[PDB]
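Here we start with a single chain on its own, the form deposited in one PDB entry, put down as structure tokens.
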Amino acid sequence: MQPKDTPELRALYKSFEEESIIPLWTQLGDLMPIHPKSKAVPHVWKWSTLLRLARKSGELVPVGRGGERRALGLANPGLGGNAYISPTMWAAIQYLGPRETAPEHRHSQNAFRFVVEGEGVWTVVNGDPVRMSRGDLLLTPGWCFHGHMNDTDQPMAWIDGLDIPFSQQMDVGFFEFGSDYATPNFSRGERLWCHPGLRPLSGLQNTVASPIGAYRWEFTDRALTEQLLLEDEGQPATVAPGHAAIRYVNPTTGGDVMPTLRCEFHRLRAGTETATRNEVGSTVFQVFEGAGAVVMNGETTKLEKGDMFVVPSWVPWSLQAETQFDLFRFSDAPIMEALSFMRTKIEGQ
């Protein structure tokens, strides 16, 4: 029950409004809920829809009338009109038309770019051009100048993933505009850092984000395959049966690519069904290849190549593989783990 609804009490309460006081006893339980109950909801975006809307955006929105910001933000139906896939993350399909470019900027927000379709596009990160192609994870960590340049008559689309929504709500955003379109097969960063177990004596200082600008498909495919081959041979390797998986990491540290964002890739042998997990914080997945399904909150949704979905904080989820099922993944887990808020429930266990 509340306090007696008296004239004295309504006066007290008129004073509260005047004085910028809100009394705890008027509040609803869910200011401190039994467990996390997100405003954001589990949602799926069909690739064939995203691709159709992106080609269309490309016709209608050329450069000089919107075309240098041609990204279609996946907006969670529960997040009140904000361009947020979850409370922490932004996820958009950038569509780069034939021969298009962008100038250099920087910002505190951390970003990656995961190539879906296309080749011959370079993103230049602090002056170092990083060739882009299908299955490549690129990084443009906080405060690194990045611009891009298409070298071809062909469109490219990629997932444009950022901690924009965390950064906006917590007030950490900074942004600056900056000052030959070279096309090396491999960036300097990779030429220094993509040799396994080796570290340059000039790179002895640890960094906060990874210095690897592209994690190329090749390597991601080979690791996932070797984990499956090791399963066939009775050797331990997969996280769970028929579930191969790698985390993309900062080689100076062995930790996450950037402070706010985790990236991973999972490959599921056909028939594999994962155990249901409740994880604190939000994750987004994208079907790289194959066919299968997700369950979220008990509800199964069938998935096709390119489809993207979000699991908010604590929503129970699992994946199931009809064919062999490749999935790119990202999450706000390094925020929850850095701050000791992370909890995990797994069904068996």
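Just so we're on the same page, rigid core means the largest C-alpha set that superposes within 1.5 Å between forms. Residues that one form lacks are left out of the comparison. Just count from 1 along the sequence shown to find any residue number.
As for the form deposited in another entry, it is not shown, yet the points below apply to it.
Student: Shifts of 2 Å or more at the CA atom, core superposed, between this form and the one not shown: which of the listed residues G67, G290, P316, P36 is the one?
Tutor: It is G67.
Student: Quick one: with a 3 Å or larger change, is the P155 to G66 CA distance smaller or larger in the other form? Answer closer or farther.
Tutor: Farther: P155 and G66 separate by 3 Å or more in the other form.
Student: Assuming the CA distance changes by 3 angstroms or more, are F145 and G66 closer together or farther apart in the other form compared with the shown structure?
Tutor: Distance between the C-alphas of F145 and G66: shorter in the other form, by 3 Å or more.
Student: Kindly list the runs, ordered along the sequence, of 3+ consecutive residues whose C-alpha shifts are all 2 Å or more between this form and the one not shown once the two forms are aligned on their core.
Tutor: Three-plus residue run displaced between this form and the one not shown: 62-69, uniquely.
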